[PDB]
Amino acid sequence: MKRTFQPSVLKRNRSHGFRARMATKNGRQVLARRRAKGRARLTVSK
Amino acid sequence: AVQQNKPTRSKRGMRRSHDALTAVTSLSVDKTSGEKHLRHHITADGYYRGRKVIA
Amino acid sequence: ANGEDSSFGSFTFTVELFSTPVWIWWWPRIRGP
Amino acid sequence: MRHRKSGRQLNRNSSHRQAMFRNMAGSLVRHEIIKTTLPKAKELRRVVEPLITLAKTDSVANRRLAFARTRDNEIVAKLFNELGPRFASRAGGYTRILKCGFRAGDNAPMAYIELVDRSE
Amino acid sequence: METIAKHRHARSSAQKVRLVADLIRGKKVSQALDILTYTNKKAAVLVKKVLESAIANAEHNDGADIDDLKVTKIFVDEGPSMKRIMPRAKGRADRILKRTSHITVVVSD
RNA sequence: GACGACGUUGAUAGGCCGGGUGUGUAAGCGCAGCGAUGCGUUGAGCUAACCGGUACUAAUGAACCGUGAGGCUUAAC
RNA sequence: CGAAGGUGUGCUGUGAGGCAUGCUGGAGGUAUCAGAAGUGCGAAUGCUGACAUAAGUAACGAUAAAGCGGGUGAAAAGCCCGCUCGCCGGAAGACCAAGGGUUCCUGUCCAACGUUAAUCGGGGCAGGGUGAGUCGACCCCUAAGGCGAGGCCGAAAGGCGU
RNA sequence: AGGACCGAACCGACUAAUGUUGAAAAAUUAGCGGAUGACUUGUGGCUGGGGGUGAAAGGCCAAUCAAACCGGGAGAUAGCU
RNA sequence: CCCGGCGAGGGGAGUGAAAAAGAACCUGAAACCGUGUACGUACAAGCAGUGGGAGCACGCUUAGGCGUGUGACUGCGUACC
RNA sequence: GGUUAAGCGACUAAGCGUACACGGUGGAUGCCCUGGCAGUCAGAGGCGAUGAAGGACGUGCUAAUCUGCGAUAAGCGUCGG
C-alpha cells in the first residue's frame, strides 16, 4: 500500500530547508533553539 | 491455549526422560580392508563385503 | 598467506526490541448493550 | 490407507516425478553409476530396468518406444547398442544399490546405484 | 593425570550438545571416537573436535599411551547468548536468543 | 513407536518369465482412392497396485545385550 | 605479615540484631559518645537490567519443478561449470525517472549477517571504475505560485501589494 | 453522436473462503463494477486547528480526529483506586 | 610448541606478587543452568510444611553413644497481599 | 541332606527430589575516580560589516576520526619568558 512518506528532495528543501527557516522569525527561532541545544544538524539541508 | 502456572524444572527433565540418544554400538569390520563401517554400508574407502566397489 | 582479517567491521550487532499495539474487535463478545 | 498401493510420490506431483525419473534414468545409462538418496533409488529400478528389457530386442518400434520414455537419442543408441547385448542372458536385476551414508546438507540417506557389469 | 580441552563460545545451545555429550561419558577414547563418528548430529562434530584435541594435549603436554585413556569427565555449560530480532506480524518484533555453550572434555587413565 | 513374515538352510521386496486384465486392430510397410481417409498385416500393440512362478539384484561372517544354577523361615515328604 | 565486600560455620540475645574465625579478596575500615539523615521493600496492570517458562513446541515468506556428472575446499542439496527438465515472456525481458547512494567491477575472508549449510554473498575488508561544444543540468524565457524597494494598512509582531 | 455498449491496461471495491503472534498494524485468491468520462495519472503550488476541506460519512487532515502534533503553564486537578 | 580448516577456541611454555589479574580482563552476590557424590524415590493422591519416627550414609567416637545429611510410615494442616 | 508347599523379602532408577562439592551464565556489592552538584570570594559582563554566533570544507608523512589551524592551513613573523 501507499505509505505516508513519499520522498522528494525539492519539496523537502522547500518545506524544511535552511533558507525556509531563515525566511520567517519563527523559523529563525527554530534555528535558535536547535543551536542552543547543540544539534549537529540544524536543518534537513544537505 | 497457554499455561496457568509455570511448569517446574522437574517436569522438564521428566519429559526429556525419553529424549536420550542411542549409540550404534554395532560397527562391522570389512573382511578385506579391515575397516570399520556401518552394517550394510560402503566403507569410507569404498569397500563392501570385501570387494572394492567405488574407488 | 593473504592474511586472516580480524577488523570484523560488523561485530557490533547491538540489537534492540520494539512492538506495535494491534487492532481488535470485541463487539460480539460484549455481554450487555 | 495405502493397502497394496505401490510407488512413492516423493513429495512431488505426477509430472515432476515422471520428468525427474526420465532425467535420472538418462544419467544412469550414460554414466553407469550415480549417487542419489536411497528412496530415489529403489524407484529408479522400476524405471530403468524395463528399458533394458525393452532394449534386449532391437526393432524400429522398440527404439521409438524407448525414445518416448527417454527423449534422448544418445541414451536410446547406447541402450540398444551396448546394454541390450550386455544383458542378453541376464534375467532381470541389472542394477545394484549400495548404501553409502548420509548427506551433509540435510542428513538424507545416500546410496549408489550402478549397472551390475560396468565393464569389470 | 587429567588433561582438559575446551571449546568456549561453541555455536550451539547447551541442550543439543548435552544430548551427544551424555553418549560418550565414561567410555574409552577409541570407542568414544567411533560413537561420535557414527552419530548424525552437528554437536557430534564439535565434540569430536574437542575430544581429539584433548587426546593430543594429553599425548604431547603430558604422558602418553592413547591406548588407556578414558573420557573421565565431560559436561556442557551455557555460554553468553546473542540477542537478535525476528519481525512478526502486525508490527511486532520478537527476541531471538542464539544460544552458545562451553564444551569441556577431561581425559585420564 | 508397536505389530507380522523374511536374511541365502531364502521367495522377503524389486526386476524377470508366463498368464490375467484394461484399452481397443500400435509402429513399420503394403494396397485402394485426386486427396482427406479407408483397408490388411492385426483384435493388433501396449498394459499401476492382480495371479502363478523364478535367486537376476538386495537381504554379510561379525559384533552387541542377556550368564554361570536362583534368598530366608517354618511345614510336610 | 591481609581492609571493605562476598561465601561459610559456630556462638549469643525477647527481637530487629550482634560477636568470633575458615575461605576468597587485595586496600581500606573504624569501639566510644554526641549530631544529622536521599535510614530499612515483596507485591503499587511499580521502574530498570539479567535470566526463566511454554519449548526443542510453532515457523523457516507464494505448490514456477528438478535430477545427474564433475571442479573447488577441511568440508557442497544450495557455489561454479556442463548436460537435460520446469517457469515468465506487453514480463519475471530490457531502458530510465523518483528516491537511494558506491550496493558497480575485482581480489581476499567466513566471525557477525544471510530464517539451514555456505567454499558463496548486495556481508566484512581493501583496491580500481563514472572521461561530453552537440545528452542533460546550469543557463534564455514564462505559467500556477511565492517574495517584494517604495507604497497602503496593522498595539507591536506583521498583513497585502506596484 | 453518446456523463452509449462489451472488454484489456488503468481506476475502483459488491461477495465468498483463507489469513487473524498474518507474506500484510485491512492483504491474498476466485469471481465483481466502471473503463471518452461528474475519467484517471504525473510534477509543482495553495488552503491549518475551533481552523481548513468535504457530490455528507462527525469523512479526512502524515497507520491520530465531537476537534492534529510538538513544547510550556504543570508536580492542573482527582471526597477516587 | 601441540590440536584444529595456514579457522575459532583450547592445552602447555614463558611474563608477573597474583592469569578463576589473559584483555569477553578489580572484586565477583542472587535469579538461572550444568557435572559429580550421599540418601530417598515406579501401589500412591491435594498450600508440599510442621510434630513424632525407622533405616541408610559418613565424621567423631570406637561396645555403645553423639553430630550431620537424607528420609519410609504416621498425627495435624486449603499460600501471601 | 535334598525336594516341594506356604509365609515373607534386601535387590528397581528411565527419570526425579533434597543436601553437599565444584563449575558456567549473569552482573550486584565493596572499593575507586575522568565527571557532575551547591556555594563563597575576586573579575568580566559582551560580540559583530576591520564580517558575529553557528557551521561547511580542506590542511601533517598519512586513512578515517578528534584537535589545532586556514591555500602563510597540526602552521608564519617579532619581542619577552
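Every chain is numbered from 1, with letters handed out A, B, ... down the list of sequences.
The shortest distance between the side-chain N/O atoms of B:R49 and the OP1/OP2 oxygens of F:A58 is not below 4.0 Å. The phosphate of F:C16 (OP1 or OP2) has a side-chain N or O of D:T53 nearer than 4.0 angstrom. Of the side-chain N and O atoms in D:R71, none sit less than 4.0 angstrom from OP1 or OP2 of G:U84. Contact annotation: D:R12 side-chain N/O to G:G67 OP1/OP2 distance is under 4.0 Å. Listed pair E:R99 / G:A55 fails the phosphate criterion, with no side-chain N or O lying under 4.0 Å from OP1 or OP2. The side chain of E:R84 contributes an N or O atom lying less than 4.0 Å from OP1 or OP2 of G:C113. Between D:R46 and F:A13 there is no side-chain polar atom (N or O) within less than 4.0 angstrom of OP1 or OP2. Within the structure, every side-chain polar atom (N or O) of B:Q3 is placed at least 4.0 Å from both OP1 and OP2 of G:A54. Between D:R30 and G:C83 there is no side-chain polar atom (N or O) within less than 4.0 angstrom of OP1 or OP2. Look at B:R9 and you'll find a side-chain N or O under 4.0 angstrom from OP1 or OP2 of I:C32.
The P atoms of G:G123 and G:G114 are separated by 14 Å, rounded to the nearest whole Å.
Pairing check for G:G114 against G:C120: the Watson-Crick or wobble criterion is satisfied, both distances under 3.5 Å. A Watson-Crick or G-U wobble pair links J:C69 with J:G58, both defining distances under 3.5 Å. Nucleotides H:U53 and H:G59 are base-paired: the Watson-Crick or wobble atom pairs both lie closer than 3.5 Å. For H:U18 with H:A27, the Watson-Crick or G-U wobble criterion holds, each of the two distances under 3.5 Å. Nucleotides F:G28 and F:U41 meet the pairing criterion: a Watson-Crick or G-U wobble pair with both donor-acceptor distances under 3.5 Å. A Watson-Crick or G-U wobble pair links I:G49 with I:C76, each of its two atom distances being under 3.5 Å. Base-pair annotation: H:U28 with H:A17 meets the Watson-Crick or G-U wobble criterion (two N/O distances, each under 3.5 Å). Remark: the bases of H:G49 and H:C65 meet in a Watson-Crick or G-U wobble pair, both edge contacts within less than 3.5 Å. Judged by Watson-Crick and G-U wobble geometry, where both atom pairs must sit under 3.5 Å apart, I:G71 and I:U37 do not count as a base pair. A Watson-Crick or G-U wobble pair links G:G10 to G:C19, both relevant atom distances lying under 3.5 Å.
For A:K11, the NZ atom sits in a loose shell: 12 or fewer heavy atoms of surrounding residues, nucleotides or ligands are nearer than 6.0 Å. More than 12 heavy atoms of other residues, nucleotides or ligands lie within 6.0 Å of CG in D:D106, so this atom counts as buried by the packing criterion.
D:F87 is listed as a side-chain neighbour of D:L115, based on a closest heavy-atom distance under 4.5 Å. Considering only heavy atoms from C-beta on, E:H102 comes within 4.5 Å of E:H9 through its side chain.
In this strand, F:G66 does not stack onto F:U67; the six-membered rings are not both under 5.5 Å apart and under 30° in angle. A stacking criterion of 5.5 Å and 30° is not met by the six-membered base rings of adjacent nucleotides G:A132 and G:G133. Stacking holds between J:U4 and J:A5 under the rule that six-membered ring centres lie under 5.5 Å apart and planes differ by under 30°. Bases J:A13 and J:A14 do not qualify as stacked neighbours, criterion being ring centres under 5.5 Å and ring planes under 30°. Using a cut-off of 5.5 Å between ring centres and 30° between planes, the six-membered base rings of I:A29 and I:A30 qualify as stacked.
D:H3 comes within 4.0 angstrom of nothing in the nucleic acid, heavy atoms only. Backbone-only engagement by D:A104 is indicated by non-hydrogen atom pairs under 4.0 Å involving sugar-phosphate atoms exclusively. E:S13 comes within 4.0 angstrom of a base, heavy atoms only. Residue contacts shown for D:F21 are absent, as no nucleic acid heavy atom lies under 4.0 Å away. Note on E:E59: nothing from the nucleic acid sits closer than 4.0 angstrom, heavy atoms only. Residue C:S10 is classed as a base contact, given a heavy-atom separation below 4.0 Å to a base.
RNA chain H is contacted by both E:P87 and E:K90; E:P87 maps to the nucleotide lying nearer its 5′ end (nearest heavy atom per residue). Both D:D72 and E:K42 lie near RNA chain G, and the one whose nearest nucleotide falls closer to the 5' end is D:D72. For D:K35 and B:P7, each mapped to the nucleotide of RNA chain G holding its nearest heavy atom, the one lying further toward the 5' end belongs to B:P7. Residue C:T20 is the one, among C:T20 and A:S8, whose nearest nucleotide of RNA chain H lies closer to the 5' end (criterion: closest heavy atom).
At a cut-off of 3.5 angstrom, counting only N and O atoms as typed in the model, there is a donor on one side and an acceptor on the other between the side-chain of D:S15 and the base of G:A65. In the interface, the side chain of E:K49 is paired with the base of I:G7 through a donor and an acceptor atom under 3.5 Å apart. The base of G:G124 lies close enough to the side chain of C:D5 for a donor and an acceptor atom to sit less than 3.5 Å apart. One cannot find a donor-acceptor pair under 3.5 Å joining the base of J:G54 and the side-chain atoms of A:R39. For B:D19 against G:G56, a side-chain-to-base donor-acceptor contact under 3.5 Å is absent.
For G:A112, the base is not stacked against the aromatic ring of C:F8, per a cut-off of 5.5 Å between centres and 30° between planes.
Note: B:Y48 and B:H37 have perpendicular aromatic rings, judged against thresholds of 30 and 60 degrees for the angle between ring planes.
A cation-pi arrangement is not found for D:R96 relative to D:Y112, the charged atom failing to lie both closer than 6.0 Å to the ring centre and inside a 45° cone about the ring normal.
In terms of the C1'-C2'-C3'-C4' torsion, H:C65 has a south-puckered sugar. The angle is below zero.
Of the nucleotides present, none pairs with J:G39 by Watson-Crick or G-U wobble criteria with both distances under 3.5 Å.
Against the 90° criterion about 0, the sugar-base torsion of J:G58 places it in the anti range.
Among residues at least two apart or in separate chains, side chain to side chain donor-acceptor pair (under 3.5 Å) pairs with a member in residues 20-32 of chain E are E:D22-E:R25.
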